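Structure file run15.pdb (PDB, N, CA, C and O atoms) is printed below.
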```pdb
MODEL        1
ATOM      1  N   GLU A   6      39.559  20.029  66.860  1.00  0.00           N
ATOM      2  CA  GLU A   6      39.202  19.117  67.941  1.00  0.00           C
ATOM      3  C   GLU A   6      38.885  19.885  69.219  1.00  0.00           C
ATOM      4  O   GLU A   6      39.653  20.754  69.634  1.00  0.00           O
ATOM      5  N   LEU A   7      37.740  19.563  69.826  1.00  0.00           N
ATOM      6  CA  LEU A   7      37.277  20.185  71.065  1.00  0.00           C
ATOM      7  C   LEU A   7      37.035  21.682  70.898  1.00  0.00           C
ATOM      8  O   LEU A   7      35.943  22.173  71.202  1.00  0.00           O
ATOM      9  N   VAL A   8      38.047  22.417  70.427  1.00  0.00           N
ATOM     10  CA  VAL A   8      37.890  23.852  70.207  1.00  0.00           C
ATOM     11  C   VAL A   8      36.808  24.118  69.168  1.00  0.00           C
ATOM     12  O   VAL A   8      36.045  25.086  69.277  1.00  0.00           O
ATOM     13  N   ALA A   9      36.723  23.265  68.146  1.00  0.00           N
ATOM     14  CA  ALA A   9      35.685  23.371  67.132  1.00  0.00           C
ATOM     15  C   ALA A   9      34.611  22.301  67.248  1.00  0.00           C
ATOM     16  O   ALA A   9      33.519  22.486  66.701  1.00  0.00           O
ATOM     17  N   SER A  10      34.890  21.193  67.939  1.00  0.00           N
ATOM     18  CA  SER A  10      33.871  20.167  68.132  1.00  0.00           C
ATOM     19  C   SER A  10      32.784  20.634  69.090  1.00  0.00           C
ATOM     20  O   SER A  10      31.620  20.244  68.941  1.00  0.00           O
ATOM     21  N   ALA A  11      33.140  21.461  70.076  1.00  0.00           N
ATOM     22  CA  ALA A  11      32.129  22.024  70.964  1.00  0.00           C
ATOM     23  C   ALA A  11      31.322  23.108  70.262  1.00  0.00           C
ATOM     24  O   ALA A  11      30.116  23.243  70.497  1.00  0.00           O
ATOM     25  N   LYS A  12      31.971  23.892  69.398  1.00  0.00           N
ATOM     26  CA  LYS A  12      31.255  24.883  68.604  1.00  0.00           C
ATOM     27  C   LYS A  12      30.441  24.243  67.488  1.00  0.00           C
ATOM     28  O   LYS A  12      29.503  24.870  66.983  1.00  0.00           O
ATOM     29  N   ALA A  13      30.779  23.014  67.091  1.00  0.00           N
ATOM     30  CA  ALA A  13      29.969  22.309  66.104  1.00  0.00           C
ATOM     31  C   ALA A  13      28.668  21.813  66.720  1.00  0.00           C
ATOM     32  O   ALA A  13      27.613  21.855  66.076  1.00  0.00           O
ATOM     33  N   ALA A  14      28.722  21.340  67.965  1.00  0.00           N
ATOM     34  CA  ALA A  14      27.519  20.940  68.682  1.00  0.00           C
ATOM     35  C   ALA A  14      26.745  22.126  69.240  1.00  0.00           C
ATOM     36  O   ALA A  14      25.653  21.931  69.785  1.00  0.00           O
ATOM     37  N   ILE A  15      27.278  23.338  69.118  1.00  0.00           N
ATOM     38  CA  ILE A  15      26.598  24.534  69.608  1.00  0.00           C
ATOM     39  C   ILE A  15      25.789  25.200  68.504  1.00  0.00           C
ATOM     40  O   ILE A  15      24.607  25.506  68.683  1.00  0.00           O
ATOM     41  N   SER A  16      26.412  25.436  67.347  1.00  0.00           N
ATOM     42  CA  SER A  16      25.703  26.075  66.244  1.00  0.00           C
ATOM     43  C   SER A  16      24.673  25.142  65.620  1.00  0.00           C
ATOM     44  O   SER A  16      23.639  25.607  65.127  1.00  0.00           O
ATOM     45  N   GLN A  17      24.931  23.832  65.630  1.00  0.00           N
ATOM     46  CA  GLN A  17      23.952  22.887  65.105  1.00  0.00           C
ATOM     47  C   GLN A  17      22.741  22.769  66.021  1.00  0.00           C
ATOM     48  O   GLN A  17      21.620  22.568  65.542  1.00  0.00           O
ATOM     49  N   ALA A  18      22.945  22.886  67.336  1.00  0.00           N
ATOM     50  CA  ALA A  18      21.817  22.866  68.259  1.00  0.00           C
ATOM     51  C   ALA A  18      20.992  24.141  68.157  1.00  0.00           C
ATOM     52  O   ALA A  18      19.784  24.120  68.420  1.00  0.00           O
ATOM     53  N   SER A  19      21.619  25.254  67.781  1.00  0.00           N
ATOM     54  CA  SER A  19      20.920  26.516  67.590  1.00  0.00           C
ATOM     55  C   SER A  19      20.315  26.650  66.199  1.00  0.00           C
ATOM     56  O   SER A  19      19.687  27.673  65.909  1.00  0.00           O
ATOM     57  N   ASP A  20      20.491  25.650  65.333  1.00  0.00           N
ATOM     58  CA  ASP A  20      19.885  25.693  64.007  1.00  0.00           C
ATOM     59  C   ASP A  20      18.406  25.327  64.066  1.00  0.00           C
ATOM     60  O   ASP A  20      17.544  26.105  63.643  1.00  0.00           O
ATOM     61  N   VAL A  21      18.095  24.145  64.595  1.00  0.00           N
ATOM     62  CA  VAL A  21      16.716  23.679  64.691  1.00  0.00           C
ATOM     63  C   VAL A  21      16.100  24.181  65.990  1.00  0.00           C
ATOM     64  O   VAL A  21      15.652  23.389  66.826  1.00  0.00           O
ATOM     65  N   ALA A  22      16.075  25.500  66.167  1.00  0.00           N
ATOM     66  CA  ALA A  22      15.470  26.130  67.337  1.00  0.00           C
ATOM     67  C   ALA A  22      14.147  26.747  66.898  1.00  0.00           C
ATOM     68  O   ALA A  22      14.120  27.825  66.300  1.00  0.00           O
ATOM     69  N   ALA A  23      13.047  26.052  67.193  1.00  0.00           N
ATOM     70  CA  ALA A  23      11.718  26.512  66.807  1.00  0.00           C
ATOM     71  C   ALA A  23      11.389  27.840  67.474  1.00  0.00           C
ATOM     72  O   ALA A  23      11.403  28.890  66.823  1.00  0.00           O
ATOM     73  N   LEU A  24      11.094  27.805  68.769  1.00  0.00           N
ATOM     74  CA  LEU A  24      10.813  29.019  69.524  1.00  0.00           C
ATOM     75  C   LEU A  24      12.130  29.717  69.857  1.00  0.00           C
ATOM     76  O   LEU A  24      13.195  29.378  69.334  1.00  0.00           O
ATOM     77  N   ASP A  25      12.073  30.707  70.743  1.00  0.00           N
ATOM     78  CA  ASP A  25      13.273  31.424  71.171  1.00  0.00           C
ATOM     79  C   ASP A  25      14.064  30.669  72.232  1.00  0.00           C
ATOM     80  O   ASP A  25      14.548  31.264  73.197  1.00  0.00           O
ATOM     81  N   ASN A  26      14.208  29.354  72.071  1.00  0.00           N
ATOM     82  CA  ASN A  26      15.027  28.535  72.955  1.00  0.00           C
ATOM     83  C   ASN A  26      16.515  28.687  72.678  1.00  0.00           C
ATOM     84  O   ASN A  26      17.314  27.896  73.192  1.00  0.00           O
ATOM     85  N   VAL A  27      16.892  29.676  71.865  1.00  0.00           N
ATOM     86  CA  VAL A  27      18.297  30.021  71.677  1.00  0.00           C
ATOM     87  C   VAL A  27      18.948  30.358  73.011  1.00  0.00           C
ATOM     88  O   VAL A  27      20.150  30.132  73.204  1.00  0.00           O
ATOM     89  N   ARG A  28      18.165  30.875  73.962  1.00  0.00           N
ATOM     90  CA  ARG A  28      18.704  31.189  75.280  1.00  0.00           C
ATOM     91  C   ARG A  28      19.047  29.931  76.069  1.00  0.00           C
ATOM     92  O   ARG A  28      19.893  29.980  76.967  1.00  0.00           O
ATOM     93  N   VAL A  29      18.405  28.802  75.759  1.00  0.00           N
ATOM     94  CA  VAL A  29      18.685  27.572  76.495  1.00  0.00           C
ATOM     95  C   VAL A  29      20.026  26.987  76.069  1.00  0.00           C
ATOM     96  O   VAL A  29      20.807  26.518  76.906  1.00  0.00           O
ATOM     97  N   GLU A  30      20.313  26.995  74.765  1.00  0.00           N
ATOM     98  CA  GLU A  30      21.649  26.628  74.307  1.00  0.00           C
ATOM     99  C   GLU A  30      22.688  27.638  74.776  1.00  0.00           C
ATOM    100  O   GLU A  30      23.843  27.270  75.022  1.00  0.00           O
ATOM    101  N   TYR A  31      22.294  28.909  74.899  1.00  0.00           N
ATOM    102  CA  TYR A  31      23.141  29.914  75.534  1.00  0.00           C
ATOM    103  C   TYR A  31      23.559  29.474  76.933  1.00  0.00           C
ATOM    104  O   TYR A  31      24.674  29.772  77.374  1.00  0.00           O
ATOM    105  N   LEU A  32      22.693  28.742  77.635  1.00  0.00           N
ATOM    106  CA  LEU A  32      23.017  28.301  78.989  1.00  0.00           C
ATOM    107  C   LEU A  32      24.067  27.197  78.975  1.00  0.00           C
ATOM    108  O   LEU A  32      25.141  27.335  79.574  1.00  0.00           O
ATOM    109  N   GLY A  33      23.773  26.089  78.294  1.00  0.00           N
ATOM    110  CA  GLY A  33      24.661  24.940  78.353  1.00  0.00           C
ATOM    111  C   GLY A  33      25.979  25.162  77.636  1.00  0.00           C
ATOM    112  O   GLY A  33      27.033  24.729  78.111  1.00  0.00           O
ATOM    113  N   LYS A  34      25.943  25.838  76.487  1.00  0.00           N
ATOM    114  CA  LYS A  34      27.154  26.012  75.690  1.00  0.00           C
ATOM    115  C   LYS A  34      28.087  27.049  76.303  1.00  0.00           C
ATOM    116  O   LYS A  34      29.287  26.797  76.456  1.00  0.00           O
ATOM    117  N   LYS A  35      27.559  28.222  76.661  1.00  0.00           N
ATOM    118  CA  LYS A  35      28.390  29.206  77.344  1.00  0.00           C
ATOM    119  C   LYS A  35      28.752  28.770  78.758  1.00  0.00           C
ATOM    120  O   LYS A  35      29.602  29.409  79.388  1.00  0.00           O
ATOM    121  N   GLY A  36      28.131  27.709  79.267  1.00  0.00           N
ATOM    122  CA  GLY A  36      28.582  27.085  80.492  1.00  0.00           C
ATOM    123  C   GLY A  36      29.715  26.122  80.206  1.00  0.00           C
ATOM    124  O   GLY A  36      30.643  25.982  81.007  1.00  0.00           O
ATOM    125  N   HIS A  37      29.647  25.453  79.052  1.00  0.00           N
ATOM    126  CA  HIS A  37      30.746  24.591  78.631  1.00  0.00           C
ATOM    127  C   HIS A  37      31.988  25.406  78.296  1.00  0.00           C
ATOM    128  O   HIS A  37      33.110  24.994  78.611  1.00  0.00           O
ATOM    129  N   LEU A  38      31.809  26.564  77.659  1.00  0.00           N
ATOM    130  CA  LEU A  38      32.941  27.410  77.301  1.00  0.00           C
ATOM    131  C   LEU A  38      33.446  28.244  78.471  1.00  0.00           C
ATOM    132  O   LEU A  38      34.578  28.740  78.418  1.00  0.00           O
ATOM    133  N   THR A  39      32.633  28.414  79.514  1.00  0.00           N
ATOM    134  CA  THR A  39      33.102  28.991  80.768  1.00  0.00           C
ATOM    135  C   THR A  39      33.737  27.957  81.686  1.00  0.00           C
ATOM    136  O   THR A  39      34.573  28.318  82.519  1.00  0.00           O
ATOM    137  N   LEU A  40      33.368  26.686  81.542  1.00  0.00           N
ATOM    138  CA  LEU A  40      33.976  25.612  82.317  1.00  0.00           C
ATOM    139  C   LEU A  40      35.237  25.071  81.658  1.00  0.00           C
ATOM    140  O   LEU A  40      36.229  24.818  82.347  1.00  0.00           O
ATOM    141  N   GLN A  41      35.226  24.887  80.336  1.00  0.00           N
ATOM    142  CA  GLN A  41      36.442  24.463  79.653  1.00  0.00           C
ATOM    143  C   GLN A  41      37.490  25.565  79.584  1.00  0.00           C
ATOM    144  O   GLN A  41      38.588  25.318  79.073  1.00  0.00           O
ATOM    145  N   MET A  42      37.177  26.768  80.070  1.00  0.00           N
ATOM    146  CA  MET A  42      38.188  27.798  80.260  1.00  0.00           C
ATOM    147  C   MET A  42      38.936  27.633  81.577  1.00  0.00           C
ATOM    148  O   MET A  42      39.946  28.313  81.789  1.00  0.00           O
ATOM    149  N   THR A  43      38.471  26.745  82.461  1.00  0.00           N
ATOM    150  CA  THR A  43      39.194  26.463  83.695  1.00  0.00           C
ATOM    151  C   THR A  43      40.442  25.625  83.456  1.00  0.00           C
ATOM    152  O   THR A  43      41.281  25.523  84.358  1.00  0.00           O
ATOM    153  N   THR A  44      40.587  25.031  82.269  1.00  0.00           N
ATOM    154  CA  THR A  44      41.811  24.325  81.910  1.00  0.00           C
ATOM    155  C   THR A  44      42.980  25.268  81.674  1.00  0.00           C
ATOM    156  O   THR A  44      44.098  24.795  81.443  1.00  0.00           O
ATOM    157  N   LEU A  45      42.752  26.582  81.726  1.00  0.00           N
ATOM    158  CA  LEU A  45      43.819  27.565  81.596  1.00  0.00           C
ATOM    159  C   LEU A  45      44.730  27.608  82.814  1.00  0.00           C
ATOM    160  O   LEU A  45      45.709  28.365  82.804  1.00  0.00           O
ATOM    161  N   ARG A  46      44.438  26.829  83.857  1.00  0.00           N
ATOM    162  CA  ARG A  46      45.322  26.731  85.010  1.00  0.00           C
ATOM    163  C   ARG A  46      46.527  25.832  84.749  1.00  0.00           C
ATOM    164  O   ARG A  46      47.413  25.744  85.610  1.00  0.00           O
ATOM    165  N   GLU A  47      46.582  25.169  83.592  1.00  0.00           N
ATOM    166  CA  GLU A  47      47.716  24.369  83.176  1.00  0.00           C
ATOM    167  C   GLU A  47      48.465  25.112  82.067  1.00  0.00           C
ATOM    168  O   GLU A  47      48.405  26.346  81.985  1.00  0.00           O
ATOM    169  N   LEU A  48      49.182  24.355  81.224  1.00  0.00           N
ATOM    170  CA  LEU A  48      49.903  24.854  80.057  1.00  0.00           C
ATOM    171  C   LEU A  48      51.055  25.760  80.484  1.00  0.00           C
ATOM    172  O   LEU A  48      51.099  26.213  81.635  1.00  0.00           O
ATOM    173  N   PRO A  49      52.021  26.018  79.609  1.00  0.00           N
ATOM    174  CA  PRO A  49      53.093  26.959  79.948  1.00  0.00           C
ATOM    175  C   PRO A  49      52.550  28.367  80.101  1.00  0.00           C
ATOM    176  O   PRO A  49      51.698  28.804  79.312  1.00  0.00           O
ATOM    177  N   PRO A  50      53.016  29.112  81.109  1.00  0.00           N
ATOM    178  CA  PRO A  50      52.587  30.510  81.260  1.00  0.00           C
ATOM    179  C   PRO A  50      53.113  31.441  80.179  1.00  0.00           C
ATOM    180  O   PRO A  50      52.864  32.650  80.257  1.00  0.00           O
ATOM    181  N   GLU A  51      53.834  30.924  79.180  1.00  0.00           N
ATOM    182  CA  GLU A  51      54.375  31.779  78.130  1.00  0.00           C
ATOM    183  C   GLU A  51      53.260  32.422  77.316  1.00  0.00           C
ATOM    184  O   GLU A  51      53.282  33.631  77.055  1.00  0.00           O
TER     185      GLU A  51
ENDMDL
END
```
Structure re-expressed in structure tokens:
Amino acid sequence: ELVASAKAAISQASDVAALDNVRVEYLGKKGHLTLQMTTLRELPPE
């Protein structure tokens, strides 16, 4: 969940990539994984 649901919408979007628009999914997905890494300000510090 989420950890793999975001990667499921990432690799599937990079499957039907006609031209070299792999860089465009590189933008939104690595932006999602750079933004959903901001949730590391919670959780136990252990």
Can you pull out every residue within 10 Å of residue A:14, counting only C-alpha atoms, but drop anything in the same chain fewer than 4 positions away, and send it as a ChimeraX atom specification? /A:9-10,18-19,30,34
For atom O of residue A:15 and atom N of residue A:31, determine how far apart the two atoms are, in Å to one decimal place. 7.5 Å
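Atom pair atom CA of residue A:41 / atom CA of residue A:21 has a distance of 24.8 Å (rounded to one decimal).
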When DSSP works through the backbone of this structure, what residues of chain A end up as helix (DSSP H, G or I), shown as a count of residues only? 25
Would you work out the distance separating atom CA of residue A:43 from atom C of residue A:20, expressed in Å to one decimal? 28.6 Å
Size and centre in Å, one decimal, axis-aligned box, all listed stretch 16-29 of chain A atoms plus 5 Å per side, as JSON:
```
{"center_x": 18.6, "center_y": 27.0, "center_z": 70.3, "size_x": 25.6, "size_y": 18.9, "size_z": 23.3}
```
For residue A:11, which residue among A:35, A:29, A:51, A:46 is the nearest when counting only C-alpha atoms? A:35
